Structures are given as C-alpha cells and as structure tokens.
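Note sheet for the following structure.
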Amino acid sequence: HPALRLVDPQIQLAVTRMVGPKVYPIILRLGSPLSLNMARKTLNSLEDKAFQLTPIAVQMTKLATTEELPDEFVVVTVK
Amino acid sequence: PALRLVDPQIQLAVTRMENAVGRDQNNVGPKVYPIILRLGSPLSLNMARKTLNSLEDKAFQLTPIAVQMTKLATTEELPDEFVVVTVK
Ligand SMILES: CCCCCCCC
C-alpha cells in the first residue's frame, strides 16, 4: 500500500562506492516516517562548542506514474 | 534507538539553488554531508537502473548497496558538519 514517493532534487544521494562521487535521485518506500536534521558545531561558548540541529524540510511528492521514474536512482526503504 | 555513522561512501548531497533573497546561486555545486542515523525501524538502500526495455512495462534493476555504518561513542568522532536522519 505504501506508494513510492519522490524526494525533490535538492536532496540527493552521493555514492562514492559505485565510481567516484555520483549524485543519485532518491525514492522513498516509506513504512515509517522520516525527518532530516542539519547539524553544525556553531553554538560556541568561551571554552566549548555545542551542536545545533536545524531541521531540513524535505518536499516529497508521491509518484503518480512509474513512467516518471528516472533511468537511474536509489531506493531508500523504511520498514 | 542508537546512533550509527554511515561511512563516507554514502553521503547526502544538498544544493542551495538560490540564496535567502532568491539570488540565483547556480554553478556552485552540491554540498556533501556525512550521514548519521537515529535508526529505529531498520533501513535499506538499493541502486536502481532501468531494464527490460521491451516497452510493455518499465522495469528496474535493483542492486543492493552495502551500507557500512559504525556505531559512534565519542564527540570528537563527530564531524563539525553532518546530517542526522531520524526514523521511527
Ligand atoms: C530524505 C533523504 C533520506 C536519505 C537516507 C539516506 C540513508 C543512507
């Protein structure tokens, strides 16, 4: 019943292990939902530094027709 | 759940198409960030290329990809710029 969902092309997957860094579109077969946080060590004190997590809102159109699928991509599956 | 550290073979690519003001920020390239999983429900990853190009229905060649992820225990193991993927 989970229909394939296409992640918009500002979020892609770089796979160096198969042939150099290659960006690949992302398909999601969501079983459980999924969030996406950007982490940087920019909460600088006088001595330490902390991590701030700014969530990234990823737009996910669900796939209408399988003809829309690209020639090549990666399928991330969440159970 | 526990924090796994995906090895540099697999990283997230994020492109800033514009700026905050909408300034056309093209020809600057993507930005690759190491991935870390707040992994609850387990996760899979398959490369896919189209095959069976006899027009009938388009088919895809799903070759699984080995996700080498290492459990992290210290903060200096954590880079100063990364991405956290959270699954329930
Ligand atoms: C919304 C992007 C999901 C990327 C998951 C990558 C896990 C190796």
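The chains in the structure tokens are called A, B, ... from first to last as shown; in each chain the residues are counted from 1, and the ligands are counted from 1 in the order shown.
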List every residue of chain A that has an atom at most 9 Å from any atom of ligand 1, and for each one report the closest atom pair and its distance in Å to one decimal, counting only C-alpha atoms and all ligand atoms, with rows sorted by chain and then by increasing residue number, as a Markdown table.
```
| residue | atom | partner | partner_atom_place_in_ligand_line | distance |
| --- | --- | --- | --- | --- |
| A:7 | CA | ligand 1 | 1 (C) | 6.6 |
| A:11 | CA | ligand 1 | 2 (C) | 6.4 |
| A:12 | CA | ligand 1 | 2 (C) | 7.2 |
| A:13 | CA | ligand 1 | 4 (C) | 6.9 |
| A:26 | CA | ligand 1 | 2 (C) | 6.9 |
| A:27 | CA | ligand 1 | 3 (C) | 8.5 |
| A:28 | CA | ligand 1 | 3 (C) | 7.6 |
| A:34 | CA | ligand 1 | 1 (C) | 7.1 |
| A:35 | CA | ligand 1 | 1 (C) | 7.1 |
| A:36 | CA | ligand 1 | 1 (C) | 6.3 |
| A:58 | CA | ligand 1 | 1 (C) | 6.5 |
| A:59 | CA | ligand 1 | 1 (C) | 8.8 |
| A:60 | CA | ligand 1 | 1 (C) | 8.5 |
| A:76 | CA | ligand 1 | 5 (C) | 6.2 |
| A:77 | CA | ligand 1 | 5 (C) | 8.7 |
```
Those same residues, written as an mmCIF file, in the first residue's frame with N, CA, C and O atoms?
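Written file, selection20.cif:
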```cif
data_model
loop_
_atom_site.group_PDB
_atom_site.id
_atom_site.type_symbol
_atom_site.label_atom_id
_atom_site.label_comp_id
_atom_site.auth_asym_id
_atom_site.auth_seq_id
_atom_site.Cartn_x
_atom_site.Cartn_y
_atom_site.Cartn_z
ATOM 1 N N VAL A 7 11.664 12.209 -3.701
ATOM 2 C CA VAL A 7 12.288 13.300 -2.965
ATOM 3 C C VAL A 7 12.770 14.343 -3.967
ATOM 4 O O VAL A 7 13.416 14.006 -4.966
ATOM 5 N N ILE A 11 17.666 17.315 -2.514
ATOM 6 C CA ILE A 11 18.157 16.286 -1.608
ATOM 7 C C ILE A 11 18.428 15.054 -2.457
ATOM 8 O O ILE A 11 17.492 14.367 -2.885
ATOM 9 N N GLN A 12 19.699 14.782 -2.718
ATOM 10 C CA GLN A 12 20.112 13.614 -3.478
ATOM 11 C C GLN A 12 21.116 12.820 -2.653
ATOM 12 O O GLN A 12 21.492 13.209 -1.544
ATOM 13 N N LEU A 13 21.544 11.688 -3.199
ATOM 14 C CA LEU A 13 22.459 10.787 -2.515
ATOM 15 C C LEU A 13 23.755 10.696 -3.305
ATOM 16 O O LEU A 13 23.739 10.369 -4.497
ATOM 17 N N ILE A 26 16.516 10.285 -5.156
ATOM 18 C CA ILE A 26 16.123 9.447 -4.032
ATOM 19 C C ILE A 26 14.645 9.109 -4.157
ATOM 20 O O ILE A 26 13.805 10.005 -4.294
ATOM 21 N N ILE A 27 14.338 7.815 -4.117
ATOM 22 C CA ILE A 27 12.976 7.314 -3.999
ATOM 23 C C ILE A 27 12.803 6.782 -2.584
ATOM 24 O O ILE A 27 13.729 6.207 -2.000
ATOM 25 N N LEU A 28 11.613 6.984 -2.022
ATOM 26 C CA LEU A 28 11.308 6.542 -0.666
ATOM 27 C C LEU A 28 10.122 5.592 -0.694
ATOM 28 O O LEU A 28 9.039 5.958 -1.164
ATOM 29 N N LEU A 34 10.029 9.857 8.439
ATOM 30 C CA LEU A 34 11.454 10.149 8.422
ATOM 31 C C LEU A 34 11.664 11.654 8.437
ATOM 32 O O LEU A 34 11.026 12.375 7.663
ATOM 33 N N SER A 35 12.554 12.123 9.306
ATOM 34 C CA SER A 35 12.933 13.529 9.374
ATOM 35 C C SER A 35 14.407 13.674 9.003
ATOM 36 O O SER A 35 15.119 12.690 8.791
ATOM 37 N N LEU A 36 14.868 14.920 8.939
ATOM 38 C CA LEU A 36 16.164 15.215 8.335
ATOM 39 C C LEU A 36 16.706 16.477 8.993
ATOM 40 O O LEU A 36 16.186 17.569 8.745
ATOM 41 N N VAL A 58 12.009 18.547 3.847
ATOM 42 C CA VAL A 58 12.161 17.941 2.530
ATOM 43 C C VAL A 58 10.782 17.767 1.909
ATOM 44 O O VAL A 58 9.886 17.161 2.510
ATOM 45 N N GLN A 59 10.611 18.297 0.700
ATOM 46 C CA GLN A 59 9.351 18.150 -0.014
ATOM 47 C C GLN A 59 9.313 16.798 -0.714
ATOM 48 O O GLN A 59 10.264 16.416 -1.404
ATOM 49 N N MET A 60 8.214 16.072 -0.527
ATOM 50 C CA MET A 60 8.062 14.710 -1.038
ATOM 51 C C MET A 60 6.755 14.607 -1.814
ATOM 52 O O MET A 60 5.691 14.416 -1.217
ATOM 53 N N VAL A 76 15.597 4.181 -1.108
ATOM 54 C CA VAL A 76 15.692 4.039 0.340
ATOM 55 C C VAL A 76 14.372 3.474 0.848
ATOM 56 O O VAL A 76 13.304 4.037 0.586
ATOM 57 N N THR A 77 14.439 2.355 1.561
ATOM 58 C CA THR A 77 13.258 1.684 2.087
ATOM 59 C C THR A 77 13.276 1.741 3.607
ATOM 60 O O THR A 77 14.276 1.380 4.237
#
```
Within 10 Å of chain B: residues of chain A, using only C-alpha atoms, as a PyMOL selection string: chain A and resi 9-18+20-42+49-51+53-56+66-67+69-79
Those in chain B with strand (DSSP E or B) from DSSP, as a VMD selection string: chain B and resid 2 to 6 10 to 14 18 24 31 to 39 43 to 51 59 to 64 69 to 71 81 to 87
